[PDB]
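> sequence plus experimental coordinates follow:
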Amino acid sequence: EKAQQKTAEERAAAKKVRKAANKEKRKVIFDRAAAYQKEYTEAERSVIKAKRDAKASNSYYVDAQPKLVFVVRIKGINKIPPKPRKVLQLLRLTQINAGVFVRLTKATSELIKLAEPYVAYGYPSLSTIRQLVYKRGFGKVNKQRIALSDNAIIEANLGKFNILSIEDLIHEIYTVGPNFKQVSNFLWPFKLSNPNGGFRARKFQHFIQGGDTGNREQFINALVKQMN
Amino acid sequence: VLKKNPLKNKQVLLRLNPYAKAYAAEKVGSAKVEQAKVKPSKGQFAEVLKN
Amino acid sequence: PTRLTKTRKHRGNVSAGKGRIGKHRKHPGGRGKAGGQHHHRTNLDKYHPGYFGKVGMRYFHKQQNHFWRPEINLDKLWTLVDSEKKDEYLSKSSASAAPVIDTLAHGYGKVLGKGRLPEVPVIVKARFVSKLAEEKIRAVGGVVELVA
Amino acid sequence: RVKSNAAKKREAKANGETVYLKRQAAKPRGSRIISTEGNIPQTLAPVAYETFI
Amino acid sequence: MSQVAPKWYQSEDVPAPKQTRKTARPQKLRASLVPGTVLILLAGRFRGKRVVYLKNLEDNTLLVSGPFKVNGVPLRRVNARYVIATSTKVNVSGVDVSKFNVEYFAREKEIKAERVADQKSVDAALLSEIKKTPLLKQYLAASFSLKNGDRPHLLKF
Amino acid sequence: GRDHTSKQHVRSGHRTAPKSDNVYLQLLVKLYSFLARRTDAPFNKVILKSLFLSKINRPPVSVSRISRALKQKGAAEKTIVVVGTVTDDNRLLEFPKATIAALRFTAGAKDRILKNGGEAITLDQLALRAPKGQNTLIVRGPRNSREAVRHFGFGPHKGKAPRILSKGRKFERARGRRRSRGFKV
Amino acid sequence: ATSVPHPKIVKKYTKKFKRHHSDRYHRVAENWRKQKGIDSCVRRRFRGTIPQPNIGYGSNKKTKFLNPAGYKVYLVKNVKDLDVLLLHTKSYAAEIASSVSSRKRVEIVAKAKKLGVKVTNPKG
RNA sequence: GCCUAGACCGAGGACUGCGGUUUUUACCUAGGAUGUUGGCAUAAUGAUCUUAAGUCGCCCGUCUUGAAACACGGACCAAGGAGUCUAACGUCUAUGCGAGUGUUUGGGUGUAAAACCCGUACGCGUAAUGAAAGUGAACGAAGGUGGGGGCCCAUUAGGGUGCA
RNA sequence: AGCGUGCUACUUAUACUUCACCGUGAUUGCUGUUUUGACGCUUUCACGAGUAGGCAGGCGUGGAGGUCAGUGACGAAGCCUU
Ligand SMILES: [Mg+2]
Ligand SMILES: [Mg+2]
Ligand SMILES: [Mg+2]
Ligand SMILES: [Mg+2]
Ligand SMILES: [Mg+2]
Ligand SMILES: [Mg+2]
Ligand SMILES: [Mg+2]
Ligand SMILES: [Mg+2]
Ligand SMILES: [Mg+2]
Ligand SMILES: [Mg+2]
Ligand SMILES: [Mg+2]
Ligand SMILES: [Mg+2]
Ligand SMILES: [Mg+2]
Ligand SMILES: [Mg+2]
Ligand SMILES: [Mg+2]
Ligand SMILES: [Mg+2]
Ligand SMILES: [Mg+2]
Ligand SMILES: [Mg+2]
Ligand SMILES: [Mg+2]
Ligand SMILES: [Mg+2]
Ligand SMILES: [Mg+2]
Ligand SMILES: [Mg+2]
Ligand SMILES: [Mg+2]
Ligand SMILES: [Mg+2]
Ligand SMILES: [Mg+2]
Ligand SMILES: [Mg+2]
Ligand SMILES: [Mg+2]
Ligand SMILES: [Mg+2]
Ligand SMILES: [Mg+2]
Ligand SMILES: [Mg+2]
Ligand SMILES: [Mg+2]
Ligand SMILES: [Mg+2]
Ligand SMILES: [Mg+2]
Ligand SMILES: [Mg+2]
Ligand SMILES: [Mg+2]
Ligand SMILES: [Mg+2]
Ligand SMILES: [Mg+2]
Ligand SMILES: [Mg+2]
Ligand SMILES: [Mg+2]
Ligand SMILES: [Mg+2]
Ligand SMILES: [Mg+2]
Ligand SMILES: [Mg+2]
Ligand SMILES: [Mg+2]
Ligand SMILES: [Mg+2]
Ligand SMILES: [Mg+2]
Ligand SMILES: [Mg+2]
Ligand SMILES: [Mg+2]
Ligand SMILES: [Mg+2]
Ligand SMILES: [Mg+2]
Ligand SMILES: [Mg+2]
Ligand SMILES: [Mg+2]
Ligand SMILES: [Mg+2]
Ligand SMILES: [Mg+2]
Ligand SMILES: [Mg+2]
Ligand SMILES: [Mg+2]
Ligand SMILES: [Mg+2]
């Protein structure tokens, strides 16, 4: 008992010091999250103002093309040709209802085009990204799937990339940042459930023709609401 | 031993995102926007109604 | 031990590890070295080249005793010096008194010249020596004395 | 490209600034504003079927 | 079974439980449960009896009286989940229910003289207030049952 | 179902313990299981793997190899480490004074180390005078000089040894080994 | 749970695993044998066929080997065999061998009661 | 932002962590269920057997691309019943010794087919190549270069030494 | 309750999500507290179809060396038995 009370007092002192040091880090991440919120709102209002001004000035504001996409594999693992199978493996989509974040370039666009008959993908909103990371967000730590239940896991794995919080990670994903590759690869592929409300009557046809595969764009957010 | 959803557990939410407190305190989710009662589409954008 | 063989583990499985189509038959392919020129050519050509044909001349009534000539190299030659006196000989050897090494009496026929000798005169008695073995022995101040 | 990268790197070292040499795949284009002076939108419709033989 | 001996490293000590963080929080009663409300008992000996709700005890139970003269249902506790809370109400501001608690119903046939006296004292005020509403005493003295064609998902109580 | 990108339930393919049931070899593994787990010294982690190796994977190190390894520049007073048997070499002309730690020594090898002023210690004696393997030098014997390796990867124009019981002019030298008898491979 | 406390004992399968067609033919005993036939409906796991042994039915390692009273049962032959259960009387129970005589069995029961060892078969 | 209906689950087992509230070296919903009440212990509870009902379930073994097959064996039961031993070998592994190794053909010895002991030869290895007569393995630290675990000097980096 | 087409809700696979348990592979840590099990204990994650066939870990049998100074005519073995 004596040893336990001695080590408890030592632990209490060390925890006092640790908490005092961590308070500053939590202030830092608070400021970063507030700044991220400010720039999100400012960018949204700026885009709205630009659209209104172009409407007023007999012009047309063309939105910037989306730089990020969320891809969900809605097809099983049977009867897949070798090339789309390899493409789905390289996207880390090796099961049904697996989701991944992709930064849009020519290379990744031609990749997603190869997997198009087997996936549903689209442009995720900020709230959808946040909900995904909060409920089903896992990290790859020593080749293990670890829940993101504390900011220390994110700091210990992405502090060399200036990611100290779950909000730093969400910001880095949403506004596609200079370290998007490392941040998205640290995230284990999201394992979603089936939709509450079901799919359309027949999944495996393009969204344009009344099916589920292909690009649904902003309705991926509704789909994620069904599945997350 | 048991993953807790920050969207259900408020304490875990504050553990992960301390700014949620300010978000809750300031009512950022229902923030008003100050703007004018203007309508700038009265002119050539009425090309949408007919052409 | 029979309890360690895989025959005990194949019990209960129909074919006993021999296959259901291929099965285990008497002698598919023939017995012994059958078919070495026709359907086992692919085996003998790959793994035993030179098997078929004649090379060289015969030797009726060959007595291997005629060709007895065990070899000893130079790097193993000083092991024939007495173990209790090796270190003293390596020091006090000179042109006036060098150790005698009777290689034939130790069971060797020819002295070969692999390795390097101590820079020490020796008297080597051999039935046969190579050109370089004797050149190395003379270089350390030694000599080869032919015996029979 | 090796020579061009070497020239850009030394010129950035000379100017004391930085330059990025990794190639990039083509990215989605940014926002833009379309002027309609002389380019008022023309309305099209699908055309009826005709035989030309 | 077999001859497998226990080992020296097979300890028999029982570890202490971890410190549980299930700190209890107060019971949240239904909004319809207000003292003076007429209740319908669904289970127990007095199932189907219309009774008067008097006090919320600290055991999460409800203090209830018939009154005993009208019904035969005495002062006792019931569980809130075995009760239908109707819309009929009796003014119980004139009824003293201070002395009633969990220890009153402690387990010690016979019946205490104290309990009989308390029954009369509570029932005097209860009957005095019940007489004001016509047919309320008759309503309380009648048992409840579901008639043919009664749909509890459509009925108001 | 899962689309597996790698084989499932695959053993590491490396020995995690000696195959030997020698209790005294176990004690050395016991000692270096603790050292490799707790010292961060790469020397102790290499030794633990080497104690698992099979007989053909720990070839004998001749006392000539130690002499040649000690003749590197600045390695004359290093501690020679051999995870295996150290054998004698009667082709050496001289041996230096050296400290050598090995699993086993032959009678000739031990006689040669102590005659020249050296020490022949075991690997447990090594762990006290060098618990981090400071100033050591691991020596491994030749693995590909084995006779069994002569026949590995045999084929046409491969230059390997035929699998044969007798040697001579009548044994696998005519057709396929000679252009006068058809072809040569 | 008069024994050392344990989790609730779960037996994943409580029926006997009976060999296929041990009911059709007397020569086929109920002792489980895996069907190896090419066309076998049981080996191919058709719907409606018998359950088969697999590692999924394995017992919880915390409740494995425990009798309904929560004890592990140890086979006892002579009175000296109870000595190994001295420090395990609340987690291990003794079962008296069938071939112990009526004399020695009374001595084992008497000493086990003295030592506190529980006896699973107290009447026979 | 707020209220509200239901279902399933409760793994873990002194403390340790991150937060929150701080009224506090204290408290909390924050590293996994507790509190309270009733009943039962001649038993509520659980299992098995038999049987009924619901639903599904074609005869196994075999050869076959394909078997429940209008393909073959099998009426039933008990007992027996099928990859063995040997000579010589390939790979891998363990062990003893190690440039040597193998006592067991034989000799000594014996408490007598055992155990214990002994040594010359011989086999294999220590040299290859050529059909053969024959000849027969260091220019050099037994070589150079690029890597190369480990070790040494350092001080990110870097250098030295570098077995397999 | 047919045909073409649109819409709302609903039904259910050994599939998907969360959770329990079994096994396999990896993985965290464990000797001045290693403490009579280190061929042992422990943290965590992922995975589990299979003929022919390979390997591993086990169950059972006749007989043998050693041990339990084991059971047994006060009943061994065998046999029958919700
Ligand atoms: Mg402690
Ligand atoms: Mg990706
Ligand atoms: Mg639904
Ligand atoms: Mg629908
Ligand atoms: Mg459908
Ligand atoms: Mg066996
Ligand atoms: Mg098998
Ligand atoms: Mg099989
Ligand atoms: Mg059969
Ligand atoms: Mg086979
Ligand atoms: Mg067959
Ligand atoms: Mg065959
Ligand atoms: Mg021939
Ligand atoms: Mg699976
Ligand atoms: Mg995987
Ligand atoms: Mg080499
Ligand atoms: Mg050879
Ligand atoms: Mg021949
Ligand atoms: Mg020719
Ligand atoms: Mg069951
Ligand atoms: Mg059972
Ligand atoms: Mg059941
Ligand atoms: Mg069978
Ligand atoms: Mg088939
Ligand atoms: Mg009997
Ligand atoms: Mg529990
Ligand atoms: Mg923190
Ligand atoms: Mg039925
Ligand atoms: Mg049917
Ligand atoms: Mg047939
Ligand atoms: Mg056939
Ligand atoms: Mg046919
Ligand atoms: Mg059939
Ligand atoms: Mg037919
Ligand atoms: Mg046929
Ligand atoms: Mg036939
Ligand atoms: Mg017959
Ligand atoms: Mg017939
Ligand atoms: Mg019949
Ligand atoms: Mg063999
Ligand atoms: Mg010989
Ligand atoms: Mg010899
Ligand atoms: Mg020359
Ligand atoms: Mg080099
Ligand atoms: Mg219709
Ligand atoms: Mg499952
Ligand atoms: Mg399931
Ligand atoms: Mg210690
Ligand atoms: Mg399997
Ligand atoms: Mg299998
Ligand atoms: Mg097993
Ligand atoms: Mg046996
Ligand atoms: Mg027999
Ligand atoms: Mg015996
Ligand atoms: Mg006896
Ligand atoms: Mg009978």
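Good, I have the coordinates. Residues are numbered from 1 along each chain as shown, chains lettered A, B, ... in the order given. Ligands and ions are numbered 1, 2, ... in the order given.

> buried residues in stretch C:53-66?
residue C:55 (16 or more other Cβ atoms under 10 Å in any protein chain shown). Every C-beta, even on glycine, is put in place using the N, C-alpha and C of the backbone.

> can you give me the end-to-end distance of stretch D:17-25?
End-to-end distance of stretch D:17-25: 24 Å, with Cα to Cα, to the nearest Å as the criterion.

> cool, stretch A:164-181 as well?
16 Å.

> ok, and what's touching that stretch?
With contacts defined as Cβ atoms under 8 Å, 6 or more residues apart in numbering or on different chains, stretch A:164-181 is touched by A:25, A:28-29, A:32-33, A:36, A:39-40, A:67-68, A:101, A:103, A:126, A:129-130, A:133-134, A:137, A:148, A:151, A:154-155, A:158, A:161-163, A:183-184, A:187, B:16-17, B:19.

> what comes up buried for that stretch?
A:164-174, A:176-177, A:180.

> secondary structure added to those residues, as a markdown table?
Converted to a markdown table, the buried residues of stretch A:164-181 look like this (DSSP: H, G, I helix; E, B strand; the rest coil):
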| residue | secondary structure |
| --- | --- |
| A:164 | coil |
| A:165 | coil |
| A:166 | helix |
| A:167 | helix |
| A:168 | helix |
| A:169 | helix |
| A:170 | helix |
| A:171 | helix |
| A:172 | helix |
| A:173 | helix |
| A:174 | helix |
| A:176 | coil |
| A:177 | coil |
| A:180 | helix |
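
> next one: the residue nearest in space to the middle of chain E from chain A, what distance?
With distances taken as Cα atoms, centre = their mean, residue E:78 lies nearest the centre of chain E, 1.7 Å away. To chain A, residue E:78 is 39 Å away according to Cβ to the nearest Cβ, to the nearest Å.

> touching RNA strand H at all, the helix or strand hosting that residue?
Using DSSP states H and E, residue E:78 sits in strand E:76-79. No: figure legend: strand E:76-79 not in contact with RNA strand H (Cβ under 7 Å from any atom of the strand); closest approach 8.9 Å.

> just checking: what are the partner strands of that strand?
strand E:61-65 (antiparallel) (DSSP bridges).

> centre of the chain versus the partner strand, how much separation?
4 Å (Cα atoms, centre = their mean, to the nearest Å).

> stretch D:45-53 too?
For stretch D:45-53 - counting by Cα atoms, centre = their mean - the centre lies 37 Å from the chain centre.

> CA atoms only: put that stretch into PDB for me.
The C-alpha trace of stretch D:45-53 is given here as PDB (Å, rounded to 0.1, in the frame of the first residue of the first chain):
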ATOM      1  CA  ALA D  45     -32.900  22.600 -79.400                       C
ATOM      2  CA  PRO D  46     -32.700  19.000 -80.600                       C
ATOM      3  CA  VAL D  47     -33.500  18.900 -84.300                       C
ATOM      4  CA  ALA D  48     -36.300  16.900 -85.900                       C
ATOM      5  CA  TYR D  49     -35.700  13.800 -88.000                       C
ATOM      6  CA  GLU D  50     -35.200  14.100 -91.800                       C
ATOM      7  CA  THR D  51     -34.200  11.800 -94.600                       C
ATOM      8  CA  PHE D  52     -31.600  13.100 -97.000                       C
ATOM      9  CA  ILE D  53     -31.500  10.300 -99.500                       C
END
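
> rewinding a little: ok, the following helix or strand past the strand holding residue E:78: who's next to it in the sheet?
Per DSSP H and E, strand E:76-79 leads on to strand E:83-89 as the next helix or strand towards the C-terminus. Strand E:83-89 has these partner strands in its sheet, going by DSSP bridges: strand E:37-41 (antiparallel).

> how about the helix or strand just after the partner strand: buried residues?
Remark: after strand E:37-41, the chain's next helix or strand is strand E:50-56, criterion DSSP H and E. Burial within strand E:50-56, assessed by neighbour count using 16+ other Cβ under 10 Å, is assigned to E:50-56.

> quick one: the closest residue to residue C:45 other than its chain neighbours from residue C:34, how far?
Computed as Cβ to Cβ, 6 or more residues apart in numbering or on different chains, the closest residue to residue C:45 that is not its neighbour in sequence is residue F:176, at 5.9 Å. Taking Cβ to Cβ, to the nearest Å as the measure, residue F:176 falls 19 Å from residue C:34.

> one more: residue F:157?
Residue F:157 is 28 Å from residue C:34, by Cβ to Cβ.

> likewise for residue C:51?
Taking Cβ to Cβ, one finds residue C:51 at 14 Å from residue C:34.

> which one's more surrounded, these two?
residue C:51 (20 against 11; other Cβ atoms under 10 Å in any protein chain shown).

> in this structure the more buried one contacts residue F:175, no?
Yes: using Cβ atoms under 8 Å, residue C:51 makes contact with residue F:175 at a distance of 7.1 Å.

> check contacts around the residue nearest the centre of chain G.
Nearest to the geometric centre of chain G sits residue G:65, at 6.8 Å (Cα atoms, centre = their mean). Counting by Cβ under 8 Å, 6+ apart, residue G:65 touches E:1, G:59, G:72-73.

> narrow these to those in strands?
G:72-73 (DSSP state E).

> chain D contacts on chain A?
Proximity of chain A to chain D, by Cβ under 8 Å from any Cβ of the partner chain, involves residues A:47, A:50, A:54, A:58-67, A:104-108.

> closest residue of chain A to ligand 6?
residue A:143 (37.8 Å; Cβ to the ion).
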